[PDB]
Amino acid sequence: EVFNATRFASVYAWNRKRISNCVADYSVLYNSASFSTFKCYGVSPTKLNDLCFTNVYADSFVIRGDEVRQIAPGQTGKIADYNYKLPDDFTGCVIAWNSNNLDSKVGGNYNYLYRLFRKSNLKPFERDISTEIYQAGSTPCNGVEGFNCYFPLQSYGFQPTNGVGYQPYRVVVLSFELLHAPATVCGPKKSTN
Amino acid sequence: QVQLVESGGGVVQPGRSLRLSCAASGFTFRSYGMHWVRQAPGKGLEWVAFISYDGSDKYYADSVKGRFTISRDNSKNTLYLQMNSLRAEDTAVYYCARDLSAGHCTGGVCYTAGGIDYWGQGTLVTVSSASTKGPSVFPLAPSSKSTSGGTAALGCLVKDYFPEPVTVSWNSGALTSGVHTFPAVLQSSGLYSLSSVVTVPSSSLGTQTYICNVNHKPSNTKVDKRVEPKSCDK
Amino acid sequence: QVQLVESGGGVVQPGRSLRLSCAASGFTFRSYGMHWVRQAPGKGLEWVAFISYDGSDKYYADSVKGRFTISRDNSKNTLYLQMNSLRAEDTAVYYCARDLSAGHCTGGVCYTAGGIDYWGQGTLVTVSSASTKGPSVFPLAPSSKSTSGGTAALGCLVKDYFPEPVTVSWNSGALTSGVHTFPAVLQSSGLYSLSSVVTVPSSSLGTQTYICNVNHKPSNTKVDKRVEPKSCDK
Amino acid sequence: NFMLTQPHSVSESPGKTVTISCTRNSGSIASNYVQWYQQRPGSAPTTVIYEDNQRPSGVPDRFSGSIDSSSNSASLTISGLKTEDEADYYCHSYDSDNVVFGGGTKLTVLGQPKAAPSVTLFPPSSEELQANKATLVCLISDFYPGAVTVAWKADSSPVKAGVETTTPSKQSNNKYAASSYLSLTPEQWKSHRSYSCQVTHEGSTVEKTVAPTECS
Amino acid sequence: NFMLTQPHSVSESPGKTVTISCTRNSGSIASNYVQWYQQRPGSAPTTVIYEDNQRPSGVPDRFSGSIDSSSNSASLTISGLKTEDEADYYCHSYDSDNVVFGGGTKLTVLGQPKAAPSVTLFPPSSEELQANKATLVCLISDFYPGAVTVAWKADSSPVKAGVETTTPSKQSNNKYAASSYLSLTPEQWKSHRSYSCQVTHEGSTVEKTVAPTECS
Ligand SMILES: *[C@@H]1O[C@H](CO)[C@@H](O)[C@H](O)[C@H]1NC(C)=O
Numbered sequence: 003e004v005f006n007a008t009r010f011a012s013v014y015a016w017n018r019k020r021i022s023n024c025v026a027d028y029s030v031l032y033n034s035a036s037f038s039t040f041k042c043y044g045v046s047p048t049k050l051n052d053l054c055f056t057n058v059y060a061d062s063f064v065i066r067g068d069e070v071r072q073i074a075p076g077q078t079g080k081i082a083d084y085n086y087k088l089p090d091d092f093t094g095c096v097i098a099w100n101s102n103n104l105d106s107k108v109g110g111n112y113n114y115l116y117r118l119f120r121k122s123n124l125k126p127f128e129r130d131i132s133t134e135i136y137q138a139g140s141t142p143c144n145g146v147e148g149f150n151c152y153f154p155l156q157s158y159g160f161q162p163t164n165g166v167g168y169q170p171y172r173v174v175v176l177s178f179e180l181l182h183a184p185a186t187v188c189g190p191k192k193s194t195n
Numbered sequence: 040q041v042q043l044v045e046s047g048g049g050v051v052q053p054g055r056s057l058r059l060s061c062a063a064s065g066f067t068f069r070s071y072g073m074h075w076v077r078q079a080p081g082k083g084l085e086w087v088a089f090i091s092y093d094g095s096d097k098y099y100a101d102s103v104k105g106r107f108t109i110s111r112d113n114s115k116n117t118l119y120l121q122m123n124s125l126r127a128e129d130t131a132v133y134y135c136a137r138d139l140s141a142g143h144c145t146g147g148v149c150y151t152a153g154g155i156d157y158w159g160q161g162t163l164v165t166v167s168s169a170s171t172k173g174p175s176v177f178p179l180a181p182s183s184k185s186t187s188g189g190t191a192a193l194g195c196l197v198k199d200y201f202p203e204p205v206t207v208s209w210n211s212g213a214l215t216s217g218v219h220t221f222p223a224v225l226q227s228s229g230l231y232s233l234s235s236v237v238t239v240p241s242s243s244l245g246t247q248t249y250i251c252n253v254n255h256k257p258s259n260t261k262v263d264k265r266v267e268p269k270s271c272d273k
Numbered sequence: 040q041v042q043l044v045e046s047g048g049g050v051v052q053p054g055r056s057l058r059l060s061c062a063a064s065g066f067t068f069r070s071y072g073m074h075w076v077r078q079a080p081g082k083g084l085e086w087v088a089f090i091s092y093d094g095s096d097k098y099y100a101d102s103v104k105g106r107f108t109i110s111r112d113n114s115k116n117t118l119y120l121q122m123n124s125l126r127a128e129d130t131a132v133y134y135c136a137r138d139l140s141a142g143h144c145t146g147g148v149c150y151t152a153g154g155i156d157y158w159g160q161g162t163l164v165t166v167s168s169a170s171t172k173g174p175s176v177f178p179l180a181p182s183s184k185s186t187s188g189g190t191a192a193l194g195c196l197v198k199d200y201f202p203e204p205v206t207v208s209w210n211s212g213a214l215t216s217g218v219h220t221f222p223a224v225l226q227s228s229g230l231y232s233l234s235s236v237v238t239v240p241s242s243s244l245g246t247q248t249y250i251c252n253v254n255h256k257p258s259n260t261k262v263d264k265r266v267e268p269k270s271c272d273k
Numbered sequence: 110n111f112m113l114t115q116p117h118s119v120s121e122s123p124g125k126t127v128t129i130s131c132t133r134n135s136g137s138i139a140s141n142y143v144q145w146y147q148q149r150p151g152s153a154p155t156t157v158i159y160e161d162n163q164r165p166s167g168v169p170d171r172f173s174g175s176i177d178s179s180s181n182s183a184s185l186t187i188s189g190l191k192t193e194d195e196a197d198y199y200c201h202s203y204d205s206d207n208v209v210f211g212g213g214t215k216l217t218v219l220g221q222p223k224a225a226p227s228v229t230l231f232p233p234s235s236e237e238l239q240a241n242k243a244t245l246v247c248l249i250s251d252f253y254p255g256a257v258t259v260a261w262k263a264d265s266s267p268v269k270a271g272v273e274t275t276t277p278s279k280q281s282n283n284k285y286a287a288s289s290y291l292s293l294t295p296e297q298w299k300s301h302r303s304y305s306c307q308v309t310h311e312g313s314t315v316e317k318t319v320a321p322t323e324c325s
Numbered sequence: 110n111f112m113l114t115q116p117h118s119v120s121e122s123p124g125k126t127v128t129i130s131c132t133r134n135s136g137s138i139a140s141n142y143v144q145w146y147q148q149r150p151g152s153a154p155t156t157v158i159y160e161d162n163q164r165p166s167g168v169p170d171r172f173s174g175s176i177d178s179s180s181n182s183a184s185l186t187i188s189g190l191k192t193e194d195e196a197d198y199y200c201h202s203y204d205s206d207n208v209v210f211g212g213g214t215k216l217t218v219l220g221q222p223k224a225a226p227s228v229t230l231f232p233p234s235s236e237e238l239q240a241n242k243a244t245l246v247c248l249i250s251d252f253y254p255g256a257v258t259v260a261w262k263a264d265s266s267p268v269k270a271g272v273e274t275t276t277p278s279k280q281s282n283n284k285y286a287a288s289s290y291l292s293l294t295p296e297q298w299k300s301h302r303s304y305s306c307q308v309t310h311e312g313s314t315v316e317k318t319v320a321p322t323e324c325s
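Note that the protein sequences, when read in sequence, are chains P, R, D, X and V. If you read the first sequence in our numbering, its first letter stands for residue 3, the second for the next number, and so on. If you read the second sequence in our numbering, its first letter stands for residue 40, the second for the next number, and so on. If you read the third sequence in our numbering, its first letter stands for residue 40, the second for the next number, and so on. If you read the fourth sequence in our numbering, its first letter stands for residue 110, the second for the next number, and so on. If you read the fifth sequence in our numbering, its first letter stands for residue 110, the second for the next number, and so on.
As structure tokens, this is what we get:
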């Protein structure tokens, strides 16, 4: 329902998916040769099947391939500061793969929007969707677009002719919440005849 | 910011045992897989080993297979390498490193890989026949041919020392424009030498005061000979 | 003789915990009642708390209710403080203190607490983000015009040092005449700069050996700076 | 939650008798248990008075204590003033809420003739400018009495940020020396055409102004 | 286990692009882990590319990696080089037993004119000769390109024992310099009539002579 979802969300408005009261098998996730790279930071990508969790927060957004490294702790950038942030103690995995076959148009796919101008970096797991005009000068423009006022939102052009280093990609990030409650998200335990 | 500090290398006798460490600062050390890599002077990178984030999985090199020991401890936020049986080739600075990815995969092959973007300060192991011998430092006076608005190179010369490193800063760091410390030179006698001068106009002849600074720390010898162009007296 | 020794307080990261101390002699420690008092620089004195002789009762001020703990070891004859969850306003010279006796009172209505008869030597605590920085000194060469029957001005500049204590002396403290150390002052960068000069004869210039002793023990720094006639040539 | 009110300073000839004010905005300090201490500048405060007419060791007989219930106050009487004891005194007791402190009042006894203030301006040192450092220092010394107020200005505009003035301290000639430090930056230090280090001392002010271009 | 091969020196003007044949001659290197590091001489190596075309922070965008799928090799493309890019490039990776490093590179940026090598020697002094120890000193300076070769000969016979050529060093005048020493016993110093410090500068031999008349 998440990776094969019908609709996608913008990076500046990254949707949050809540996972609870279900059994998830990650063998198909990391055993598939159709996923570009699944960046796993915090515990393990493989020997984690002996660890349970209460709730899992799932987020997904479309970014360019040049920004793959930006989705990580201790990173700075457009998305890494003004749109998303990961703490240095983050637990979870990040997955990205090619999206040219689904999110590219000859005339350019401009449906995806991202924040470009911001006064300060965001907190971890903090989503900013404000459309307030950014003032880059000392003299205020009284909320009027002009020399000292620029739109904080920006879009990227996706075309089939774009190179492998410039094709669009879809990035999915997963995080785990471990409160003082019994676990609700479990993995398939070993079964034998 | 995230940074790593390594210390402990230096003058060590062959065939003995030693202990090394990697200090960490900035990130959750226990959430990452540590590194051990050495870089020999005059050579390139020489990877040693690797270790899982929790210490269960360990990966090693063939050349010194079993010859070292690799370890980490989560609570003290430190990384260790119980290296043993030093030889001639292993003269190399040791660089502790952070993993760019933990256990990433292509899709079918899943192993704890090694990716480095942030490195450590560096600790160098010194295993050699020549001992930690003290140097004799010479002053380099400018020849008289550099006058009348020209540039007269001048400074001091250090030759026949051991081991590395040595730092030269003009006027004890008060002068930085023109400092050109030549790389150290390992001579056939097993000793070291290099050059370091500054570029100043010849209008300072007889008025500027030169004091050449030599900081050969692992042997801790300093020389302050009064620096001047040698007089033209027969 | 009654006197209270002070040591222990100093630099600490906000949000940490530190164990202060105070020790005295020449009296009966198990019987008397002490006190704690800090002192925010440039502001009035402040009450802290009181502990009785038997180590049973314990009253506290409003600010550190629960956040601070205090106890004494009568066998070890020393009093221990424990401050936790440091805030920015905590930086203040602390002062262990004393009551007239154990808690006594009169009038029927009364309570086991009295006055402050002695105090301590003082302890400075530094709760902040800036970390250790070694002192930097320069030879303040006096003006050459101070000749033929006058008094000259010279000294050593202790700038960009952190933290206290830094002791300024001349002839390693032997020549006490004329030395006047100006108070330490913070800068907008969070660092410290102060002045310290000695009133000396102008005729003594270039004759007597000038050395200013600057000792900064917490960083293990001792700098010897010499004053020499200034070379204002062409 | 309480406070004791006393002035900032008291100045009087040595041959007179002066007192101090210790009273509260509320509560009741009558029939209670009171002390009084003194802080000579820059060192450890020392006990002076506790529980009225008591005296410690090593103090001359010039001090006297009393308590009053009409205005809820207590008085420390000092006769035959000398100049050796110029300092600040405060107030303490166990009141209805907590042990409480007092503000402080400077003691001044005119023992030496007055003199005009002396002001000198010290720009940052020559080697300091290349290091992008700046610390403006103004010297205020050999002024009597020791009460001095210093304010920083830049091109006639008053300066408030980075202001730090040291409390005057007794000198060998019984005078006082104080220093005022302004924490600027070389980019901001060099911009202003002129400055001023005002010294307001008993109504007498002498201003000295220099140019930052003298550093080069 | 495995081995990568790198051209130890490649020269190209900054206006064009350079390529490296990261050829691991054994097995295969398809669908495995990829690394790349660049080293300024005398300093720690800096990562270039990991896993095909992924670049670190602060590196110029000009660099770009590639892999030859058919030939089982890799390559790095940097468009519009700079003289600042003169360094050592290395090819690391990991087959799933161990990590392998390549032969290394010496990329030369042909943006400056070549320099004519002029050499001057430094004979040993008399005072040190009393201990039967003396080292022959050769100084090479102001040569371009930095790819240099130094050989030592004795009476037209090539010398290998005690021969050590040091790393060419970046100079203030944008040229290169180095030195070579040879510690030999005075018996070898006395017996041989003369020696030579043969230096090859891109096919041009530069050499200077020293004599015993200055040794006594
Ligand atoms: C999406 O659907 C296809 C078709 O059944 C399936 O092969 C693929 O595994 C699905 N995606 C994921 C992430 O499982």
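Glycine included, each C-beta is placed from N, C-alpha and C at the ideal position.
Sorted by chain position, which residues of the same chain lie with C-beta nearer than 7 Å to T141(P)'s C-beta, five sequence neighbours on each side aside? Taking the first sequence and counting its residues from 1, one reaches residue 141(P) at position 139. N150, listed in sequence order.
Can you give me the Cβ contacts of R20(P) inside the same chain, cut-off strictly under 7 Å, excluding the 5 residues immediately before and after it? What you label residue 20(P) is simply residue 18 of the first sequence in a count that begins at 1. If we look at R20(P) and ignore the five residues flanking it on each side, its Cβ neighbours are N57 and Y59.
Would you say the beta carbon of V166(D) comes nearer than 8 Å to a heavy atom of ligand 1? Position 127 of the third sequence, counted from the first residue, corresponds to residue 166(D). No; taking the cut-off as 8 Å, the Cβ of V166(D) has no heavy atom of ligand 1 nearer than that.
Say the cut is 8 Å; is the CB of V30(P) nearer than that to a heavy atom of ligand 1? The residue given as residue 30(P) occupies position 28 in the first sequence. Yes.
For the pair the segment 121-128 of chain X and the segment 219-238 of chain D, tell me if three or more CB-CB distances fall below 8 Å. no
Can you tell me where the beta strand (DSSP E) with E273(X) in it begins and where it stops? For the purposes of this step, residue 273(X) is taken as the residue at position 164 of the fourth sequence. First-last of the beta strand (DSSP E) with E273(X): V272 to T274.
Quick one: which chain R residues come within Cβ less than 9 Å of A35(P)? Numbered from 1 along the first sequence, position 33 holds the residue referred to as residue 35(P). Those are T145, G146 and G147, listed as they occur along chain R.
Rounded Cβ spacing between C247(X) and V257(X) (contact assumed at less than 8 Å): Indexing the fourth sequence from 1 puts residue 247(X) at position 138. Indexing the fourth sequence from 1 puts residue 257(X) at position 148. Contact doesn't hold; Cβ gap of about 11 Å is too wide.
Do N6(P) and ligand 1 come close, with the Cβ less than 8 Å from some heavy atom? The residue given as residue 6(P) occupies position 4 in the first sequence. Indeed, a heavy atom of ligand 1 lies less than 8 Å from the Cβ.
Check the Cβ of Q163(V) against every Cβ in chain P and list those closer than 8 Å, keeping chain order. Here the question's residue 163(V) lines up with position 54 in the fifth sequence. Neighbours of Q163(V) on chain P, chain order: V70 and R71.
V13(P) and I97(P): beta carbons closer than 9 Å? Position 11 of the first sequence holds residue 13(P). Position 95 of the first sequence holds residue 97(P). The answer is no: Cβ separation not under 9 Å.
Any idea what DSSP makes of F68(R), helix, strand or coil? As a working mapping, residue 68(R) is identified with position 29 in the second sequence. Correct three-state label for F68(R): helix.
Helix, strand or coil for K284(V)? Go by DSSP, reduced to three states. Here the question's residue 284(V) lines up with position 175 in the fifth sequence. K284(V) falls in the coil class under three-state DSSP.
Would you list, in chain order, the members of the segment 35-51 of chain P that have their beta-carbon closer than 9 Å to a beta-carbon of chain V? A35 and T39
Give me the DSSP bridge partner(s) of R133(V). Reading the fifth sequence from its first residue, position 24 is the one you call residue 133(V). According to DSSP, which records beta bridges pairwise, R133(V) is partnered with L113(V).
Any beta carbon of chain V sitting closer than 9 Å to that of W75(R)? As a working mapping, residue 75(R) is identified with position 36 in the second sequence. Not closer than 9 Å to any Cβ of chain V, the Cβ of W75(R) fails to qualify, so no.
Could you check whether the Cβ of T163(P) sits closer than 9 Å to any Cβ belonging to chain V? Against the first sequence, residue 163(P) aligns to sequence position 161. No - not a single Cβ of chain V is within 9 Å of the one on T163(P).
Measuring only the C-alpha atoms, how far is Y199(V) from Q147(V)? Walking along the fifth sequence from the start, residue 199(V) turns up at place 90. Walking along the fifth sequence from the start, residue 147(V) turns up at place 38. Distance between the alpha carbons of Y199(V) and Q147(V) is about 6 Å.
Keeping to the same chain, check which residues put their C-beta closer than 8 Å to that of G65(D); ignore five residues upstream and five downstream. Within the third sequence, residue 65(D) is the residue found at index 26, counting from 1. The answer, listed in chain order, is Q40, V41 and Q42.
If you pair each beta-carbon of the segment 171-184 of chain D with each one of the segment 219-226 of chain D, do three or more pairs fall below 8 Å? no
So, using beta-carbon positions, are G212(V) and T114(V) closer together than 9 Å? Residue numbering aside, residue 212(V) sits at position 103 when the fifth sequence is read from its first letter. Residue numbering aside, residue 114(V) sits at position 5 when the fifth sequence is read from its first letter. Taking 9 Å as the Cβ cut-off, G212(V) and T114(V) qualify as a contacting pair.
Between which two residues does the alpha helix (DSSP H) containing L238(X) stretch? As a first step, residue 238(X) is located in the fourth sequence; it is residue number 129 there, counting from the start. Start and end: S235 to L238.
Could you name the residues of the same chain whose beta carbon sits closer than 7 Å to that of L84(D), not counting the 5 residues immediately before and after it, in chain order? To locate residue 84(D), count along the third sequence from 1; it is residue 45. Contacts found: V76 and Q78.
Taking 8 Å as the cut-off, is the C-beta of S34(P) nearer than that to any heavy atom in ligand 1? Taking the first residue of the first sequence as 1, we reach residue 34(P) at position 32. Correct: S34(P) has its Cβ closer than 8 Å to ligand 1.
Unbroken beta strand (DSSP E) run spanning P170(P), endpoints: Counted from its first residue, the first sequence places residue 170(P) at position 168. Run containing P170(P): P170 to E179, per the beta strand (DSSP E) assignment.
Could you say which of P53(R), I90(R), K198(R) and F68(R) lies nearest to residue 308(R) if we only look at CA atoms? Because chain R spans 40 through 273 in this model, residue 308(R) falls outside it and cannot be assessed.
Burial state of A320(V) (16 or more Cβ within 10 Å): Here residue 320(V) refers to the residue found at position 211 of the fifth sequence. It is exposed - the Cβ of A320(V) has fewer than 16 other Cβ atoms within 10 Å.
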